[PDB]
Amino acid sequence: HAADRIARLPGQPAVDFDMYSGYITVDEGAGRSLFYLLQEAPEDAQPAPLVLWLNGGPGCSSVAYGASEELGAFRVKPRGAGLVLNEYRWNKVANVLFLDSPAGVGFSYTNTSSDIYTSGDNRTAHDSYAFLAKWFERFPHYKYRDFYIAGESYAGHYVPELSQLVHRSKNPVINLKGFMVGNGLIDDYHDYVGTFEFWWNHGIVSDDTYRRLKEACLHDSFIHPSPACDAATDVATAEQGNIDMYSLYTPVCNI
């Protein structure tokens, strides 16, 4: 674990808390290893809970997002030149563990190159569980700590799925207290439903397109829409124009 400690990152201001990062092997046979980043809470906040943070995609990295442009301790300067402190980092209040998942995302990797074409909720959940078990073994001072799993987007899937293994697992070292999901997939149908209504109520699609979507997509999955569904969304996309779908009232990056 001590080997995982980070001294100072390039262009990183001096701080009052520690950080670690490194790989954990989740599938020996396959050669699947996951990269993590642990940013701890300062001493005055200790002993703080342990919070596992997961970004979605699927295929998106928790370090990239969560850690770097969201709740992580720092923000990257332009041209990836340096770091600035995130005044509102969540590590002000908890021990935050960022997990690049699944294998192949961010810095995580697979020895078995086909891994990359067979990813899924099950394996992802399973490998994460593994990661956890091993991680704790390497950070035994974390055993028994209050533990929470949190994430956003596709992680609406990852969080509870993992939460479930864990809970069922009957792993006594992991004190799972709950989970938190931000803007996440919860139920395909309902989500599809609320999605369209929201768009229409935001003047982002036409009446017809609103209707086309409700008719094409309500029986699909968000991740695996039917071809009707995509045809529909292709239109919606044309209607939405050059706006940032993830933040309606803010500008798009011009670079």
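Residue numbers run from 1 along the displayed sequence.
Between 46-54 and 24-32, the higher mean Cα B-factor belongs to 24-32. As recorded in the PDB entry, 107-115 is the stretch of 145-153 and 107-115 with the greater mean C-alpha temperature factor. When the C-alpha B-factors of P140, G184, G178, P78 are read from the PDB record, the largest value belongs to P78. Across the residues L162, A94, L71, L83, the deposited record lists the maximum Cα B factor for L83.
Sort the chain's modelled residues by C-alpha temperature factor and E87 lands in the highest third, per the entry. Split the chain's modelled residues into thirds by C-alpha temperature factor. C60 is in the highest one.
Compared with the other modelled residues of the chain, the Cα B-factor recorded for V15 ranks in the highest third. Sort the modelled residues of the chain by CA B factor and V166 lands in the middle third. Sorting the modelled residues of the chain by their CA temperature factor places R212 in the middle third.
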